[PDB]
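[1] these chains are from a complex, not moved at all, and more is on the way:
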Amino acid sequence: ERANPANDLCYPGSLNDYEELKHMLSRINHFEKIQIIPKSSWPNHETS
């Protein structure tokens, strides 16, 4: 990671326990991204 990465939280805000998340990340070597809730599963809400 760079010292000051420009592309972070594009929409302003925060990530709670972000440093604890990075500490947990320093013991993980691989992720598998999976769709757990599809975006097409919101019929009564707007997703676009």
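    Sure, I can see it. Numbering: from 1, shown residues only, chains lettered A, B, ... in the order given.
[2] phi, psi for the one residue sitting closest to the centre of chain A please.
    Closest to where the C-alpha atoms of chain A average out (Cα atoms, centre = their mean) is residue A:15, at 8.8 Å. Main-chain torsions, residue A:15, degrees, to the nearest 10: phi -110, psi 120.
[3] surely it touches residue A:9?
    Yes - with contacts counted by Cβ atoms under 8 Å, residue A:15 reaches residue A:9, the gap being 6.9 Å. Quick note: C-beta positions are derived from backbone N, CA and C, even for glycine.
[4] and the residue sitting furthest away from the middle of chain A, what is it in contact with?
    Relative to the C-alpha centroid of chain A, counting by Cα atoms, centre = their mean, residue A:44 is the outermost residue, at 24.6 Å. By Cβ atoms under 8 Å, 6 or more residues apart in numbering, the contact list for residue A:44 is empty.
[5] let's put chain B on the structure above:
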Amino acid sequence: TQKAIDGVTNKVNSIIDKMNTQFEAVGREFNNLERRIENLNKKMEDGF
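    Just below you will find chain B, in place on the chains above:
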């Protein structure tokens, strides 16, 4: 022989005396969202 035995017992006694103030590990507990500080405690005690 008397001077030699006095010297070695003095050397041994100074070895014991200089090590009375070592580091004593104390058990401190942290929860699952305190893992960085838990690692800090583990590294401090193990380094000492």
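[6] for the residue nearest to the centre of chain A, list the residues it contacts.
    Neighbouring residues of residue A:15 by Cβ atoms under 8 Å, 6 or more residues apart in numbering or on different chains: A:9, A:21.
[7] spell out which parts of chain A neighbour chain B.
    Neighbours of chain B within chain A, by Cβ under 8 Å from any Cβ of the partner chain: A:17, A:19-20, A:23-24.
[8] what helix or strand does residue B:4 sit in?
    Here residue B:4 sits within helix B:2-18, counting by DSSP states H and E.
[9] which residues does the helix or strand just after that helix contact?
    On the C-terminal side of helix B:2-18, the nearest following helix or strand under DSSP H and E is helix B:35-47. Defining contact as Cβ under 8 Å, 6+ apart, one finds that helix B:35-47 is touched by A:19-20, A:23-24, B:23, B:25, B:28, B:30.
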